[PDB]
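Below, in structure tokens: the form deposited in one PDB entry, a single chain.
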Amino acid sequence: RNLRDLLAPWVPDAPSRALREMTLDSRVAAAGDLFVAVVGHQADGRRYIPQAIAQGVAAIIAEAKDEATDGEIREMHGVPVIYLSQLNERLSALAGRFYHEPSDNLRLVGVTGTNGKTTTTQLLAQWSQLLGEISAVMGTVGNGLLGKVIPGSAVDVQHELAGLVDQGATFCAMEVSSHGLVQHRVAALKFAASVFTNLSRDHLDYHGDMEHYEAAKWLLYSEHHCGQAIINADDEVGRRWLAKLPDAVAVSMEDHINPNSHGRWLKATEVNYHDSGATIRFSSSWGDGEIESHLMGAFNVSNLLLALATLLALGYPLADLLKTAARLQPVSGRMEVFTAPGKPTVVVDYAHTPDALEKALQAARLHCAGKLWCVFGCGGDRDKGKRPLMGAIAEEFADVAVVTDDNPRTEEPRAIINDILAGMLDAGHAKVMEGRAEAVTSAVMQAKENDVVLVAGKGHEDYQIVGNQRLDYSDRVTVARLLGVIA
């Protein structure tokens, strides 16, 4: 890593210096580092140029605005300070070159939109790896090889991606936040494909406003190497963009494919939702087929179809994708299904807010021939407002509501339950059982074979906080043991 070669595309005849790490943070800038001094939310990094010189940085690259011309080379105390205009906009490209263009050395797929980003990202990584890639994820949860995820600027993005390259990753599925995109955090990444799970947003009912939003986004995406575009056609904005993009792949599970276009497409023709998942029948320009998904709910059909359409576009053969589909697994703590011969189906989900609980019950309902049971509680010593709302949701969207404890902490457990019951029209119809383990047992043992039992609130968060003590407890372990299966 040499400053001269680093800047060869923008600043010719730049001085020759060995560079260690690249950083925006003057506090961690150490000997031999490249310090990068940028202007942000009224925060000017050029302030700290003396500190960085004092700490022995080999070189500095600094925002040119109001201080220098673009490509201007200065020398402070033997340390080269090179100024560049629009540094924030160029940071990704610069870091890219510094870290030897990691996005040119694996297959990078970007996923954008509000819903289904996290799951679609995971499914891409999982499926690609089943087909022989060594896959990785970059997201909000964290970054890393599949199964070894570790819990942010344009530089960190490139640095992390290089780290994955070094660890042997050949495929990376990356969640791209709306804000990250706008701040140019992924500006120079070479995406092999871009998945748009949805393009719509609230608060745009002025015809003017939707126009500005779309124009801003379209401009933003026009500046990126998006690669193959995979677009959810069950989105209003998605459909409009598809009409302007003849090489984009249209994906639908609500019949929004127009065959007159002769573009590439994939759609679900029918879905049988049953106890263990979904049998998804689909047609596409690559051909037709049937997938046995072990994921629950309609959203996860869409997520899976988006991942499929993407991998098909990237050239993975339909036959191999179909052959590996039954091995796709739920995202940890997210609608994880447990089945056993002659026993009720049990779903463990992290849902701990009114909206998440409603969504989980709606999804579980699709797989439920009999009665839908809901076992849940609310956290103690936290905001109480959600309690009656979660009560009302359980009463409305499930057939049997079993109210129990969920991390009561120092608060009187029964007081929490009362707050939940307060929100119901017919509190007397709820079952209350304290001991969460006992409540789960009560549901599972009483539920019929064609019933579904949703155990909500914890997901994979395997403890029960009672008083000060974090007790060992797991919904997954309890359920598995009751069903005679292995968690």
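Heads up: residue numbers just count along the shown sequence, starting at 1.
The segment from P341 to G342 is modelled without interruption, since every residue of the deposited sequence in that interval carries coordinates. For the pair 200-208 and 103-111, the record assigns the higher mean C-alpha temperature factor to 200-208. Higher mean CA temperature factor, per the PDB entry, when comparing 391-399 with 69-77: 69-77. Residue set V28, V444, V432, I420: peak C-alpha B-factor at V28 (per PDB entry). By the numbers in the PDB entry, the CA B factor is greatest at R240 among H225, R414, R264, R240. Remark: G139 belongs to the highest third of its chain, ranked by C-alpha B-factor as recorded.
The deposited CA B-factor of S16 belongs to the highest third of values across its chain. Looking at the C-alpha B-factors along this chain, the one for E214 belongs to the middle third. The deposited CA B-factor of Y316 belongs to the lowest third of values across its chain. Ranked by C-alpha B-factor against the other modelled residues of its chain, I465 falls in the highest third.
Note that the form deposited with a small molecule bound isn't included here; everything after this is about it.
This chain is displayed alone, yet in the deposited complex one of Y221, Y316, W286, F397 has a heavy atom within 4.5 Å of the small molecule; that residue is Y221. Only one of the listed residues (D156, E292, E101, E358) places a non-hydrogen atom within 4.5 angstroms of the small molecule in the deposited complex, and that residue is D156. Per the 4.5 Å heavy atom criterion, the small molecule in the deposited complex is contacted by stretch 213-221, the sole one of 73-81, 213-221, 124-132, 384-392. Contact between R185 and the small molecule in the deposited complex is found at the 4.5 Å heavy atom cutoff. For the chain shown alone, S92 is not a contact residue for the small molecule in the deposited complex, no non-hydrogen atom being within 4.5 angstroms.
Mapping the unseen interface onto this chain, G208 falls outside it, with no heavy atom inside 4.5 Å of the small molecule in the deposited complex. Although the partner is absent here, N88 lies well away from the small molecule in the deposited complex, with no heavy atom inside 4.5 Å. For the three marked residues, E175, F196 and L245, a heavy atom of each sits within 4.5 Å of the small molecule in the deposited complex.
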